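Quick notes on the structure that follows.
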Amino acid sequence: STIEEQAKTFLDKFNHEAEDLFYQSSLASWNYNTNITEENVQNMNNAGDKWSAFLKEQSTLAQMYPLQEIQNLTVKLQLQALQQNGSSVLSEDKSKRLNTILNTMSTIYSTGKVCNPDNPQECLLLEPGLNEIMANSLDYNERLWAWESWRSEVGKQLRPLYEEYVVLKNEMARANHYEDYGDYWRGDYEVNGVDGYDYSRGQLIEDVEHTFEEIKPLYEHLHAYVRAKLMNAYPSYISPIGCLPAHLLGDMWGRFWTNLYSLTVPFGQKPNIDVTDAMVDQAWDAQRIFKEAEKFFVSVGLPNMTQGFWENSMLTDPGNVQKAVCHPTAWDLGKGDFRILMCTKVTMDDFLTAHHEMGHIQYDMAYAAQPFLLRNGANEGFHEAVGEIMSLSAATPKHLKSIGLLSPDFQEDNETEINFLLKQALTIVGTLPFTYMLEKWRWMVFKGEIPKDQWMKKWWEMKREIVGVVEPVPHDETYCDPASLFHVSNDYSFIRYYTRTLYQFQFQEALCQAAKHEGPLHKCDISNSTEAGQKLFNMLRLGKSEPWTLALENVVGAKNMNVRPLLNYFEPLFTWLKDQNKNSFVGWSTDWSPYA
Amino acid sequence: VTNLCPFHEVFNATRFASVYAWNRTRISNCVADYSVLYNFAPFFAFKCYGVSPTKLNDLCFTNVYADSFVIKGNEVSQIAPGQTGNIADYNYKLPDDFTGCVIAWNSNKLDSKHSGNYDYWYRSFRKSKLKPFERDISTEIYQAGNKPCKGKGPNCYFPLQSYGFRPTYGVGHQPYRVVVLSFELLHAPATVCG
Ligand SMILES: *[C@@H]1O[C@H](CO)[C@@H](O[C@@H]2O[C@H](CO)[C@@H](O[C@@H]3O[C@H](CO[C@H]4O[C@H](CO)[C@@H](O)[C@H](O)[C@@H]4O)[C@@H](O)[C@H](O[C@H]4O[C@H](CO)[C@@H](O)[C@H](O)[C@@H]4O)[C@@H]3O)[C@H](O)[C@H]2NC(C)=O)[C@H](O)[C@H]1NC(C)=O
Ligand SMILES: *[C@@H]1O[C@H](CO)[C@@H](O[C@@H]2O[C@H](CO)[C@@H](O[C@@H]3O[C@H](CO)[C@@H](O)[C@H](O)[C@@H]3O)[C@H](O)[C@H]2NC(C)=O)[C@H](O)[C@H]1NC(C)=O
Ligand SMILES: *[C@@H]1O[C@H](CO)[C@@H](O[C@@H]2O[C@H](CO)[C@@H](O)[C@H](O)[C@H]2NC(C)=O)[C@H](O)[C@H]1NC(C)=O
Ligand SMILES: *[C@@H]1O[C@H](CO)[C@@H](O[C@@H]2O[C@H](CO)[C@@H](O)[C@H](O)[C@H]2NC(C)=O)[C@H](O)[C@H]1NC(C)=O
Ligand SMILES: *[C@@H]1O[C@H](CO)[C@@H](O)[C@H](O)[C@H]1NC(C)=O
Ligand SMILES: *[C@@H]1O[C@H](CO)[C@@H](O)[C@H](O)[C@H]1NC(C)=O
């Protein structure tokens, strides 16, 4: 007979109704994504509207308990989540206008296509075309034309939409009794009302700044080496002491450097590593692929799947009659069920993605005995990182030798190890600085320090200042360069990638230390060790109850992030690049421009 | 001699009753039945904490009690001597020193509907704890606030929810089958033997 008891009973009813409706929505989404029919989209919309209306109803009901006299710290978390999700705040007309703008931006930009110049016969979409354009095709003029087509005429007539959207979202953030929308994003990382491992919104910026300051020299040396290697390919557009152009990073959107692996790797005489040819000769199919992937998690001690997921969770493409857009994702069906959707082809990358999805589903099954608004990761990046680590620690040559596909005649050469480390470090070090730059600019714009007529100018200025990559052709303020990103168009949170990349090396270092492996960090395996599995299981079943600081300290003996495990991982390539660095240039200047 | 009495209607009885009001069945004064107890319907559990049933037919007890219902497939551990949590302490309480056999087995194929089995209610809000071997059929709107009921709303809730079932569910949350065996005795013959 108390306010907390009343709140607990309310949560008891919530943790049944929400379960039912979320299961409905998950079934509808799974059926739509495995089977594309108009009536399937109809029931999708019906389920979405039902879920939105239900959340609105309970957010309206939440006024019974004032959010000031609750002490259990779990009911408080549940009620705060209820107040955060499902509460309509702004006026109906303003909300409708904002939602209309959001709907009219992303879908139209996705469906936008550019035709063959002076030839309307061919009009390639986003999925084909540019993927091969930013590939082995070395036509500088064609790549520049594609970049101009994908940037100029869309940023023009997309700029006003985002210019109104930022103001509308600032109005929404102010209406939600909050500070700037940057504060609203940082809110997810903020947890308070606890002793010892307390956090807030005024520490993440400083942590990011410190990590970037610590990591700068490694990226400096790596991109200097990349520029030195690339000088030979196109010695007509890059100054020796200038800046790199935008459209020669191997991808129009950047964010990844895996494409440039081809004409950058040293010691091409040493063969690479791949088992694709041997797989078909040994008669490997999708079922055996998934069984082999699951065998590792079985051996480490974690529970394996049941007569559910295996019978369900279609893994083979059923031709074109039941064609479906298949991006491998882990499905949380709900009410004691888990599924995986993925088109399967016999390739190393597909095997790696299968490992990633298996880790995702294993984690999601690991945490299940919690209320509805508690089943998630402590931070946004944990959910992806806990699978990224498992995917990473399976392509090691020791793991391949344990598997047995690789012939023993393969030689453990230091050159081969250097090449593998370079291949990994390309993507790993490329993904960080651009992400930090984009986040810094988006936070600066949302807070407010520059006007719209200087927005793009300041964009390009700080892009050259930090990233060191200059646009090949100067851009006016009518365009919107950041708007090209899909996640920018969908205004999804972007710091997740940086956080997970920072956390994964902490996890790997701690787990390898637990396994007590001797040698270089990359040659570390957990095939037979069980203490690492127990240490990870100590956290995988927690949920959102314990804060991220407490969980991370309990796992790795550290209350926050630190780049030192990453530096230790990259020490060998760091030494090799330091040895190679004898006829290169240190640092870069923004004085040079591609347009003279 | 030349006669006996089976449990033919204990199973194969089609319609069951929810845990809302667990029904009670009883037999007496005729030959018992234990030979065909475990020759079909592979049981998920067979824990007989009262007396080992290997020689159950050797001894007898008058007026045995037989019960059956469908609740879940994972919370079977709730039905045990001295354990609480939703069902165990609010719908069907178990005596502390009771002696009997608890049998639970899975019949997901039979008792699931592909369009949604939404016709098996259960209670999770009762005023107080329950006494050993106590049932109830009461239907009153639950209240936990200063104001009276006068309908539903803030701090006004229905005392009943539903067991929505879907065949695509995983193991553990599917509707299993639960049967409970019990017996008593006073000055009388034991009335059920073999
Ligand atoms: C409170 O409210 C907030 C927002 O209102 C909720 O946050 C949302 O949470 C969901 C999931 O919990 C987020 O969904 C995620 O979307 C990502 C974006 O992917 C896009 O691109 C793919 C194609 O690659 C599309 O298929 C997809 O539809 C998106 O358009 C996904 O990448 C995420 O998937 C990740 O996890 C799966 C496994 O689950 C992995 O296999 C994937 O590889 C990937 O790592 C995910 O689906 C959603 O974006 C969030 N909203 C926002 C605005 O960010 C909270 O969940 C809610 N609180 C609750 C419900 O308690
Ligand atoms: C804050 O609220 C939480 C949520 O209820 C409280 O946790 C609860 O603590 C009790 C006390 O142990 C738990 O009861 C026990 O449950 C187990 C079954 O899990 C049962 O076998 C035991 O006999 C006992 O009844 C209860 O389960 C637990 N609830 C949850 C959701 O974990 C917590 O105590 C509260 N803290 C304060 C300071 O109010
Ligand atoms: C994909 O979806 C379509 C329609 O959304 C399904 O087609 C229906 O299937 C049911 C199943 O018996 C039939 O009763 C309907 O008559 C079908 N309608 C049409 C228009 O074909 C189809 O079965 C789904 N695919 C799979 C593999 O189940
Ligand atoms: C972990 O244990 C498994 C089996 O317990 C090891 O798998 C064996 O690996 C050797 C490698 O030479 C093979 O010859 C065996 O055939 C494998 N076992 C089976 C049953 O096929 C695995 O190698 C161990 N992990 C590590 C890192 O050594
Ligand atoms: C893993 O799968 C095997 C089947 O080969 C099963 O016997 C075992 O019980 C599973 N692991 C767990 C923890 O249930
Ligand atoms: C009921 O008994 C008949 C034979 O009398 C048998 O064929 C059937 O399978 C039984 N049903 C169940 C649910 O055991």
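Labels for the structure tokens follow display order: chains A, B, ..., residues from 1 in each chain, ligands from 1.
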Expected selection as a list in words for ligand 6 within 8 Å, only C-alpha atoms and all ligand atoms: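 Final answer, ordered by chain and number: residues 11, 12, 13, 14, 41 and 110 of chain B.
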Taking only C-alpha atoms into account, which residues of chain B are within 7 Å of chain A, as a PDB file with N, CA, C and O atoms, in the first residue's frame?
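In the end it all went to result.pdb:
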ATOM      1  N   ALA B 144      -6.040  -0.300  -5.982  1.00  0.00           N
ATOM      2  CA  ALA B 144      -4.881  -0.023  -5.145  1.00  0.00           C
ATOM      3  C   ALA B 144      -4.730   1.470  -4.876  1.00  0.00           C
ATOM      4  O   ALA B 144      -3.610   1.963  -4.702  1.00  0.00           O
ATOM      5  N   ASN B 155      -5.105   3.805 -11.035  1.00  0.00           N
ATOM      6  CA  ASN B 155      -5.130   2.902  -9.885  1.00  0.00           C
ATOM      7  C   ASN B 155      -6.398   2.051  -9.860  1.00  0.00           C
ATOM      8  O   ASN B 155      -6.854   1.627  -8.795  1.00  0.00           O
ATOM      9  N   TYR B 169       6.116 -19.623 -31.376  1.00  0.00           N
ATOM     10  CA  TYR B 169       6.879 -19.317 -30.177  1.00  0.00           C
ATOM     11  C   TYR B 169       7.988 -20.348 -29.956  1.00  0.00           C
ATOM     12  O   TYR B 169       8.015 -21.422 -30.561  1.00  0.00           O
ATOM     13  N   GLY B 170       8.917 -20.000 -29.064  1.00  0.00           N
ATOM     14  CA  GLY B 170       9.982 -20.900 -28.681  1.00  0.00           C
ATOM     15  C   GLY B 170       9.566 -21.842 -27.563  1.00  0.00           C
ATOM     16  O   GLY B 170       8.430 -21.846 -27.094  1.00  0.00           O
ATOM     17  N   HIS B 173       7.803 -20.996 -23.256  1.00  0.00           N
ATOM     18  CA  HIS B 173       6.634 -20.134 -23.163  1.00  0.00           C
ATOM     19  C   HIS B 173       5.402 -20.736 -23.823  1.00  0.00           C
ATOM     20  O   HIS B 173       4.344 -20.101 -23.825  1.00  0.00           O
TER      21      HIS B 173
END
8 Å shell around ligand 4 using only C-alpha atoms and all ligand atoms, listed as a list in words: residues 299, 398, 399, 401, 402, 403, 404, 525, 526, 527 and 528 of chain A
Residue neighbourhood residue 26 (chain B), 9 Å, only C-alpha atoms, exclusion window fewer than 3 positions, as a ChimeraX atom specification: /B:63-67
Serialized selection, N, CA, C and O atoms, as a PDB file, in the first residue's frame:
ATOM      1  N   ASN B  63      -9.729 -41.965  -1.641  1.00  0.00           N
ATOM      2  CA  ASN B  63     -10.219 -40.710  -2.214  1.00  0.00           C
ATOM      3  C   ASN B  63      -9.072 -39.855  -2.761  1.00  0.00           C
ATOM      4  O   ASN B  63      -8.797 -38.753  -2.283  1.00  0.00           O
ATOM      5  N   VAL B  64      -8.400 -40.388  -3.782  1.00  0.00           N
ATOM      6  CA  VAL B  64      -7.308 -39.654  -4.410  1.00  0.00           C
ATOM      7  C   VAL B  64      -7.862 -38.470  -5.195  1.00  0.00           C
ATOM      8  O   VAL B  64      -8.986 -38.502  -5.714  1.00  0.00           O
ATOM      9  N   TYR B  65      -7.066 -37.408  -5.277  1.00  0.00           N
ATOM     10  CA  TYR B  65      -7.434 -36.192  -5.988  1.00  0.00           C
ATOM     11  C   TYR B  65      -6.634 -36.089  -7.279  1.00  0.00           C
ATOM     12  O   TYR B  65      -5.415 -36.294  -7.277  1.00  0.00           O
ATOM     13  N   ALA B  66      -7.321 -35.774  -8.373  1.00  0.00           N
ATOM     14  CA  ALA B  66      -6.694 -35.577  -9.673  1.00  0.00           C
ATOM     15  C   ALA B  66      -7.070 -34.202 -10.204  1.00  0.00           C
ATOM     16  O   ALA B  66      -8.251 -33.839 -10.215  1.00  0.00           O
ATOM     17  N   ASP B  67      -6.068 -33.444 -10.645  1.00  0.00           N
ATOM     18  CA  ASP B  67      -6.267 -32.099 -11.164  1.00  0.00           C
ATOM     19  C   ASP B  67      -5.502 -31.940 -12.469  1.00  0.00           C
ATOM     20  O   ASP B  67      -4.488 -32.605 -12.695  1.00  0.00           O
TER      21      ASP B  67
END
From A:242, A:328, A:235, A:451, residue lying nearest ligand 1 [only C-alpha atoms and all ligand atoms]: A:328
Two-atom distance - CA of residue 449 (chain A), CA of residue 167 (chain A) (Å): 13.8 Å
Test item: residues lying within 6 Å of ligand 1 with only C-alpha atoms and all ligand atoms, as a VMD selection string: chain A and resid 85 327 329 to 331 357 373 384 492 to 493
